[PDB]
Each structure stands twice: as structure tokens, then as C-alpha cells.
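Numbering-wise (the entry's author numbering), the sequence shown opens with residue 81 and increments by one. From the three backbone atoms N, C-alpha and C, an ideal C-beta is built for every residue, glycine too.
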Amino acid sequence: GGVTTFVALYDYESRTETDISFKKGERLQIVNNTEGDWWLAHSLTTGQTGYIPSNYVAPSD
């Protein structure tokens with residue numbers, strides 16, 4: 081298996097119908113896979129669920 085939890089490296093403001101906003105430091109779990117530029121994610125911090133830009137996160141605890 082792959083990375084369990086990712087951390088936001090930057091703030092991100094939602095701009096679509098299917099993405100989510102998140103703040104730097106939020107912990108996010110990827111739902112499908114990490115293929116592509118947009119990952120379906122769930123914020124463990126806020127409970128939000130939606131797509132995030134993959135270059136805004138990195139593996140974390």
C-alpha cells in the first residue's frame with residue numbers, strides 16, 4: 081500500500097464544483113489513487129471531501 085496520510089503544504093481556495101478548500105497543515109487522506117493531477121481526498125481535519133491539487137500536499141503522519 082501507499083501513503084496513509086498527506087499534509088497540505090499551502091492554503092488552497094476551492095474554485096470548482098468538486099474540489100475542496102483547505103488550509104496549510106490540514107491532514108488529508110486520498111480516496112482513490114494518486115494517479116493524475118487531481119486526487120479525490122478527505123480532510124481528516126475538517127471532514128470535507130473532494131478533489132485537491134496533488135502538488136499542494138506531501139506525505140505526512
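When secondary structure is reduced to three states using DSSP, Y136 falls in the helix class. When secondary structure is reduced to three states using DSSP, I100 falls in the coil class, being assigned neither helix nor strand. The beta carbon of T129 sits closer than 6 Å to the beta carbons of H122 from its chain, once the five residues preceding and following it are set aside; these are given in chain order. Boundaries cannot be given for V111, as no beta strand (DSSP E) includes it and DSSP labels it neither H nor E.
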